[PDB]
Amino acid sequence: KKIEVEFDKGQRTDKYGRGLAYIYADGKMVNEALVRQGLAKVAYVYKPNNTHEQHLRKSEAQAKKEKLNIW
Amino acid sequence: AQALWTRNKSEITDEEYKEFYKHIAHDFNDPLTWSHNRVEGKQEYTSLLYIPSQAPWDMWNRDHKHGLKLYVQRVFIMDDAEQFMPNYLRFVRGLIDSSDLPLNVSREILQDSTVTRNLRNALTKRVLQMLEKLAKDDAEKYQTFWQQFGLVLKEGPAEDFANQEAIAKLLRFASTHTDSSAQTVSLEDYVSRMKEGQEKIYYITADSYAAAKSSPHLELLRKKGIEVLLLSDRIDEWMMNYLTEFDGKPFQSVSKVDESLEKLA
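Method of determination for the deposited model, per the PDB record: solution NMR.

As structure tokens, this is what we get:
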């Protein structure tokens, strides 16, 4: 039983053309690694960095810049 | 008192099209829309195809319901002639009057004939462009249509391989945008909705909407402000194994992890 919605009677829209492709489902469809091209970027979630020692690896406190000399 | 299809597109009014659909479908259903085709030159044929408002019960039955009414020389031959319709366009009911074919034509002719093989391949474009036509004509009619025949249309990219992009626009799904099981958001909407770093199309391949939307993989991205499309199909993974990329934007099943979920987390 058709819904009709409200009126339904009155399209006359048609839209004619032909400029696409077609083959058949028997080919390649199933079985592919669905992880194509590693791409992602969001806002900073903020993880723990600099314990206190200032010298983790070389400089955890970014001792290379101003290092926040307090000025 | 005249054969409706044999008249011009202008000589048939809107009411008569929708009334005529009730004859060919053996129903009382009004079509959401249609396209009247009449072709001239070498091979003259009138094709008249409609888009139903709802799916008949016997649409997914062990018996066939896909196909058109074959007319030749404006004389009825047989109906449910499915050799004119693809699998992803099996929902179409309509008719086709062929002036070229023999009057003594039968079902096996339509299958093996090269002309009739071209007929199907021609009608494939007119229906598909009539689907996007309906999608732009009336989104609410197309929403009803996709709830009734959407499963069928998802078989699209598999058949018309090179034309995957056209069906990718027609594809409507749910997402973390709206909790509706209503298949609303398309890849058209998604590309428009995409923000900084969300260049990778996030989907979930899952057997049920309940287990899909109950998955923690969604909240992993949802809290970061990423949008994941909810697929609850039985054909989900099959279709999505060809949907590896669209517009240059590659797909990601959140059910799987790569460097994207490393950098995002």
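Here the narrative resumes.
*Asks:* Please give an account of a nonpolar patch on the surface that cites residues and values.
*Replies:* On the surface, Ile23(A), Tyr24(A) and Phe161(B) cluster together to form a nonpolar patch covering roughly 310 Å² of accessible area. For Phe161(B), the position within the fold is in the loop between helix 5 (156-159) and helix 6 (164-170). For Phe161(B), a relative accessible area of 36% puts it in the partly exposed group.

*Asks:* Any details on the interface of chain B and chain A? Residues and values, ideally.
*Replies:* Across the boundary between the two partners, chain B contributes 68 residues, which contact 38 residues of chain A. Across the chain B to chain A interface the summed buried area is about 5000 Å²; carbon plus sulfur atoms make up 57%. The interface formed by chain B and chain A holds 7 salt bridges in total. In terms of residue count, the dominant contributor to the side of chain B that touches chain A is helix 3 (residues 114-137) of chain B (10 residues).

*Asks:* Help me get a handle on the pairing of strand 3 (residues 68-72) of chain B, residues and values and all.
*Replies:* All names here are of chain B. The buried fraction of strand 3 amounts to 5 of the 5 residues, a majority that puts the element mostly inside the structure. Both strand 3 and strand 4 (residues 75-81) contribute to a ladder of 4 bridges, which runs antiparallel. Each residue of the ladder has a partner; that of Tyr-71, found in strand 4, is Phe-76. Two successive antiparallel strands, strand 3 and strand 4, enclose a turn made up of 2 residues, where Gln-73 displays a positive phi of approximately 60°. The sheet contact formed by strand 3 and strand 5 (residues 93-98) spans 4 bridges and is parallel. Bridge assignment links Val-72 to a residue of strand 5, and that residue is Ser-98.

*Asks:* Run through unusual backbone geometry, naming residues and quoting values.
*Replies:* Residues and elements named next belong to chain B. Phi at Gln-73 takes a positive value of approximately 60°, unusual for a residue other than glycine. Inspection of the secondary structure puts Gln-73 in the loop between strand 3 and strand 4. Despite not being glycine, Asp-247 shows a phi value in the positive range, around 75°. Tracing the backbone through its elements, the reader meets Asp-247 in the loop between strand 10 (245-246) and strand 11 (249-253). Assessed through its relative accessible area of 57%, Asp-247 is described here as exposed.

*Asks:* I'd like to hear about the environment of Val152(B), residue by residue, with values.
*Replies:* Residue and element names in this part refer to chain B. Its place among the elements puts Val-152 in helix 4 (residues 139-153). As a C-alpha pair, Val-152 and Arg-193 span 41 residues in sequence and 26 Å in three-dimensional space. Excluding anything up to four places from it in sequence, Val-152 contacts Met-59, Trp-60, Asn-87, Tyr-88, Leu-89, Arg-90 and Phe-91.

*Asks:* Summarise the packing of aromatic side chains; cite the residues concerned and give the values.
*Replies:* Residue and element names in this part refer to chain B. Here the structure, examined in full by the defined rule, presents 16 aromatic pairs over all chains. A centroid spacing of 5.4 Å and a plane angle of 45° characterise the contact between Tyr-21 and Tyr-50, whose relative ring orientation is tilted. On the criterion of sequence distance, the pair formed by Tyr-21 in helix 1 (residues 14-24) and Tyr-50 in strand 2 (residues 45-52) is long-range, its members being 29 residues apart. Residue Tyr-21 is classed as buried on the basis of its relative accessible area, which comes to 3%. Note on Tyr-50: relative accessible area 0%, which makes it buried. The interplanar angle of 45° and the centroid separation of 5.5 Å between the aromatic rings of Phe-145 and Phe-149 together place this pair among those described as tilted. Pair noted here: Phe-145 and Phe-149 are both in helix 4, with a separation of 4 residues, about one helical turn.

Analysis parameters
- Residues numbered from 1 in each chain as written, not as in the entry; some residues may be left out.
- Chains lettered and ligands numbered in written order.
- Heavy atoms only, no water.
- Patch = residues over 30% accessible without salt bridge, like charges linked within 9 Å, V, L, I, M, F, W, Y side chains within 5 Å.
- Areas by Shrake-Rupley, 256 points an atom, 1.4 Å probe, with all protein chains shown as cover.
- Salt bridge = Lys/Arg side-chain N within 4 Å of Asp/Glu carboxyl O.
- Helix = DSSP H or I, 4+ residues; strand = E, 2+ residues; numbered from the N terminus.
- Buried < 20%, exposed > 50% of the residue type's maximum accessible area, 1.4 Å probe, protein only.
- Contact = heavy atoms within 4.5 Å.
- Buried area = accessible area lost by both parts, 1.4 Å probe.
- Pairing = 2+ DSSP bridges.
- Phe/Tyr/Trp six-rings, centres within 6.5 Å; stacked < 30°, edge-to-face > 60°.

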